[PDB]
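Q: Before I ask anything, let me first share the structure, which is written out below as structure tokens.
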Amino acid sequence: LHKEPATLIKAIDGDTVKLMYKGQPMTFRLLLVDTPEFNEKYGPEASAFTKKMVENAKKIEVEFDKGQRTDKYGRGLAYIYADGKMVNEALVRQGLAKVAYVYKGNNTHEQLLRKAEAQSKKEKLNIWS
Ligand SMILES: Cc1cn([C@H]2C[C@H](OP(=O)(O)O)[C@@H](COP(=O)(O)O)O2)c(=O)[nH]c1=O
Ligand SMILES: [Ca+2]
């Protein structure tokens, strides 16, 4: 897998963000995670978390997996990095997302995120409190 450049257009919620990718605006859905919706418990904190992560980053990168690169809603499916740190993994580590929507062939970082979820649960963070 490899990292490609992108720039923030707009923070949306915990697991979606608007980025410019090869010069085109695009909504990205974070692979392998599920944040609560804004109106749900920890939704606002998930949105705040992702928003600050991507807004403070001097360098956003997108990393496609080996499978489907856009979902049925036209959203990009990727791992998103903010100054080399994976937003997907950071949300799970902080208990602001659950490992989820694990589909065969788009699951390269599954065990890395499950390891983060195990530590978050151990610490009873946020969703696991
Ligand atoms: C994360 C992810 C979601 N999706 C689709 C499945 C879900 O379908 P449904 O809309 O039919 O429930 C939806 C979940 O996204 P959200 O959690 O953003 O709603 O997005 C994929 O198809 N591939 C993926 O990798
Ligand atoms: Ca969600």
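Q: On a 0 to 90 degree scale, rounded to 10, what angle separates helix 110-122 from the longest Cα axis of the chain?
A: For helix 110-122, the angle is close to 30 degrees.
Q: Using the structure shown, select from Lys18/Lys59; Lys52/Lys72; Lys41/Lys121 the pairs with a Cα to Cα distance greater than 23 angstrom. Can you show the working numbers first?
A: Numbers: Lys18/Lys59 15 Å; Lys52/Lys72 28 Å; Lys41/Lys121 16 Å.
From the list (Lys18/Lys59; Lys52/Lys72; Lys41/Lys121), the Cα-Cα distance tops 23 Å for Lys52/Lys72.
Q: Sorting check: for 80-91, 32-43, which peptide has the highest mean count of neighbouring beta carbons within 10 Å, and how do the rest follow? List each step's numbers first, then the result.
A: On the way: 80-91: 19.8, 32-43: 17.2.
Packing order, densest peptide first, comes out as 80-91, 32-43.
Q: Still on this structure, please answer the following. Evaluate E = 1/(1 + (r/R0)^6) for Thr70 and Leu8, where r is the Cβ-Cβ distance and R0 equals 25 Å; express this FRET efficiency to the nearest 0.05.
A: Details: r = 19 Å, r/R0 = 0.77.
The calculated FRET efficiency here is 0.80.
Q: What angle do you read, to the nearest 10 degrees and between 0 and 90, between the alpha-carbon axis of helix 43-56 and the longest principal axis of the chain?
A: Tilt of helix 43-56: around 50 degrees.
Q: With a 10 Å cut-off between alpha carbons and a GNM built on the chain, which of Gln94, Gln24, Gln68 moves the most?
A: Looking only at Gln94, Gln24, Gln68, the largest GNM fluctuation is found for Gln24.
Q: At a threshold of 8 angstrom on Cα-Cα distance, excluding pairs fewer than six apart, so keeping six or more, what relative contact order does the chain reach in percent?
A: The normalised contact order for the chain reaches 25 percent.
Heads up, the Cβs are rebuilt from the backbone with ideal geometry, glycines too, and the neighbour counts pull from every protein chain shown. Throughout, read-outs are computed from the coordinates displayed, never taken from laboratory work.
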